[PDB]
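Shown next, in structure tokens, is the structure this report addresses.
Reconstructed Cβ throughout: ideal geometry from the backbone, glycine too, with neighbour counts over all protein chains shown. Readers should treat all values here as calculations from the given coordinates under stated rules, not as data from a laboratory.
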Amino acid sequence: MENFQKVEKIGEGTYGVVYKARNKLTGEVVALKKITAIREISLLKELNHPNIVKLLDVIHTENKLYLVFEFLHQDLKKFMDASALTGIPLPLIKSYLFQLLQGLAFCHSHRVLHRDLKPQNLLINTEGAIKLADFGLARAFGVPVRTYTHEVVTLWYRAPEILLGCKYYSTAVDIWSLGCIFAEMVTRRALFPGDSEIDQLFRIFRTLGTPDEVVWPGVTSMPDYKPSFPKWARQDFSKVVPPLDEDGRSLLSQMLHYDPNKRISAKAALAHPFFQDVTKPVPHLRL
Ligand SMILES: Fc1ccccc1-c1cn2ccnc2c(NCc2cccnc2)n1
């Protein structure tokens, strides 16, 4: 750590504080996150891709763990809050979604899941790029109910299989989270802002219909499934994400399929017609 000068506190992450810091040597500006785990994290150093925030180094000393990351200037949560009045233009939403799917496709091809995607871990730059932060940390350290600062870990983007107690969820969980984020960028409101596990599940059910054996073979056997769940009818996506076009609604619908085995993969999503006219606009960032 004596190699880094702290510039400012960025925030409190899931596992520890995150600081903007300067390498007293290279003068490089980085993000420093103050946190079997060592081996898992160490593997992440080679999982490099333009849409994945680079893990520069791991420092383990005095039994304390610091992760040194590539620094980006803003996160998607802040960008969305800042774009509230007018919304993020569709072409930028499309570019972001396309880039995030590329990041997922890459990680998923290596059998590495993120597991806790949310706007706070999607970082953006002035060039129009967006990158996934904290990839792989959930498997390395787990996902707590509350952060080290006691802040509640959001449930809003959690896939239904996780909520229903699946022990061995798949890469499909990240596709669900990203679909939730896609909807939120379009409508300027979180899709399923649950404030407890059952509220999160019931919010999903009220919009997508209570899952049954027809749409999700095996659902009724899942550990936390209860036959006493209320049976709500599915809503049309035209009501859920106006004014998204049919291509976007079609893709969203596939990213939010209940059955994880049938939910679209990141690779398949990249080929969806919605991306026919994708471009890479520059966001307006006031740093
Ligand atoms: F530059 C980075 C590299 C790796 C992780 C986060 C950042 C990073 C850099 N940032 C610069 C401005 N805002 C952020 C930001 N916000 C997300 C956030 C909020 C609270 C706690 N943790 C993250 N994260």
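Need one word for segment 104-181: rounded, prolate or oblate. Basis is the Cα gyration tensor (sqrt eigenvalues a ≥ b ≥ c); a/c below 1.5 gives rounded, then a/b vs b/c decides.
oblate
Which of the chymotrypsin sites (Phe, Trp or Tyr not before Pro) across segment 50-84 are loop residues per DSSP, with 11 or fewer other Cβ within 10 Å?
For chymotrypsin sites (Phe, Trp or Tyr not before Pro) across segment 50-84 that sit outside H, G, I, E and B with at most 11 neighbouring Cβ atoms in 10 Å, the list is empty.
Restricting to DSSP loop positions (anything but H, G, I, E, B) with no more than 10 other Cβ atoms inside 10 Å of their own Cβ, which chymotrypsin sites (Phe, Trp or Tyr not before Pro) remain in segment 157-249?
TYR168
Please give the peptides 209-217, 104-112 ranked by average Cβ packing (other Cβ atoms within 10 Å per residue), highest first, as a rough proxy for protection.
Averaged packing, sorted descending, gives the order 104-112, 209-217.
I need the shape label for segment 1-73. Rule: rounded when a/c is under 1.5, else prolate if a/b > b/c, else oblate, with a, b, c from the alpha carbon gyration tensor.
rounded
Separation between the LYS9 and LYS34 pseudo-spin-labels, each 7 Å from Cα along Cα→Cβ, expressed in nm?
Rounded to a tenth, the inter-label distance reads 0.9 nm.
For n ≥ 4 DSSP H runs only, could you compute -39500 (n - 2.57) per run for the chain, divide by its residues and tell me the 222 nm figure to the nearest 500?
-9000 deg cm²/dmol
Gain in length, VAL215 to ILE59, computed as 0.36 nm per residue apart minus the alpha-carbon separation, to one decimal in nm?
Gain on stretching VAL215 to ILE59: 51.5 nm.
State the extension gain, in nm to one decimal, for the chain segment bounded by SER42 and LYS267, taking 0.36 nm per residue of separation less the distance between their alpha-carbons.
Length difference between fully extended and current span is 78.4 nm.
Please say if segment 31-161 is rounded, prolate or oblate, where rounded means a/c under 1.5 for a ≥ b ≥ c the square roots of the C-alpha gyration tensor eigenvalues, and otherwise the choice is prolate for a/b larger than b/c and oblate otherwise?
Prolate.
Just tell me which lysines come within less than 16 Å, Cα to Cα, of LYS267; anything on the same chain fewer than 8 places away is out.
Counting by Cα, and skipping residues close in sequence, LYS267 has these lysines nearby: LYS94.
If you stretched the chain out fully between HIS284 and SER253, how much longer would it get, using 0.36 nm times the residue separation minus the C-alpha to C-alpha distance?
Going from the current span to full extension adds 8.2 nm.
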